[PDB]
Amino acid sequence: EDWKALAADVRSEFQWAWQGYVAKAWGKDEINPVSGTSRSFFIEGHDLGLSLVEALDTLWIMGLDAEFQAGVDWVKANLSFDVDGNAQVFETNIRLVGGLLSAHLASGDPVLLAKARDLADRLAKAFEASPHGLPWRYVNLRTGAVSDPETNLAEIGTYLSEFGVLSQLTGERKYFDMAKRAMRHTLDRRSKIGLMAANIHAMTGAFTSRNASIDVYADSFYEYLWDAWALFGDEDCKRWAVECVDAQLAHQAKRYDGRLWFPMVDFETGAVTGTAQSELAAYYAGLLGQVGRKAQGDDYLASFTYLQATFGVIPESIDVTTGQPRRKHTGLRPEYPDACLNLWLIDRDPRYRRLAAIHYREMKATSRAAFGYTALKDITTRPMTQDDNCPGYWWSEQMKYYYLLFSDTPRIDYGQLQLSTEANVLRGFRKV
């Protein structure tokens, strides 16, 4: 395989998709690339240029400089967060705060930092509304009013990378501290077997379920422990990352039909409490490698490789007891090449490139639409039927992962590269 040629194809396809966004959805949150229309993501009828923001670091890394600058210039002229509407704190941080930060780090443009910080200050109100510092799920961007305290580990614990970078750049430790305090809350309440339930109440500070998970509602909490060690040298986070993964390997790792899975378990007793695994769990194969459990990470990756070989597109959810789909639609999901990149950064094994190339080519074969790339309706029909949405994360995640895996671009210091859970580059840009 000529990896450089494949990288050039990824770049060409990304530029083509960008052109569709400009033509049909300029300044809007998401393109619906089958109909050639747009939709809002955070606040209905008050778009915040989501996909444009998500795309920026990807554009820069690919050397799509005119496109990058057009997006940055749109942000500088147009993007405001003084909006009387409710935004989901978690999504707003990982997509918009993180997307502005990566664009700031690539370009050096102070305005992008000013806007990231303005947004983080609006989100901070959600943390301040809890006596525990656990953020409420929604906040009014203008007024600070909060709603829905019945939250989860991912939505209380996927801030430290973006907030910590804000603290580094601004000099104000308050961001780092607020994010770390929320994670410490649940870690301090681990069971005797070292697990946390995934569901937590922001006001009582108590768990609201008994289910420990590595999967949706928890996932990126575990990443951000490791990532805070990597980015900030935080010794507590290093310890916690390893402890949490050790507990998961002891109590959640189970084999079904010869394949490794991590079903949900009772956080105190370790009894299996669910049989589903989502596609989104594939991130964990990469995290396992990062924390020094690479053999287990490769074993887990292999479970998803099997799903890809069997089903073409990895099912959005599977039953681990049968290895078959629980849902037929998809979200055009990036977690398989996420894992491939993260494991490849350890040893540079070309196997990961081969696996990611399958994934990219399958994306082209299934999700291509008139004006971009779309999520799927039914992976079981041939052809697979399509829905009509390009999720914002596509612009930050899988095209970037493919390009990083194939390009060996001089724009990134691969030894220093750090990616958020939304693939925002938070370290490793090499000035041109």
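So that there is no doubt, residue numbering starts at 1 and follows the sequence shown.
The mean Cα B-factor in the deposited entry runs higher for 248-256 than for the other of 93-101 and 248-256.
Judged by mean Cα B factor in the deposited record, 375-383 ranks above the other of 375-383 and 29-37. Per the deposited record, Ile43 carries the highest C-alpha B-factor of all listed residues (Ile43, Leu59, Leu52, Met363). Between the residues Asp177, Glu279, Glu150, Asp299, it is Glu150 that shows the highest Cα B-factor in the PDB record. For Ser12, the recorded CA B-factor ranks within the highest third of the chain. Only modelled residues enter the ranking.
Sorting the modelled residues of the chain by their CA temperature factor places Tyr224 in the lowest third. Among the modelled residues of its chain, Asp408 has a C-alpha B-factor that falls in the middle third according to the deposited record. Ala23: CA B factor in the highest third of modelled residues in this chain (values from the PDB entry). When the CA B factors of the chain's modelled residues are split into thirds, the value for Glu155 lands in the lowest one.
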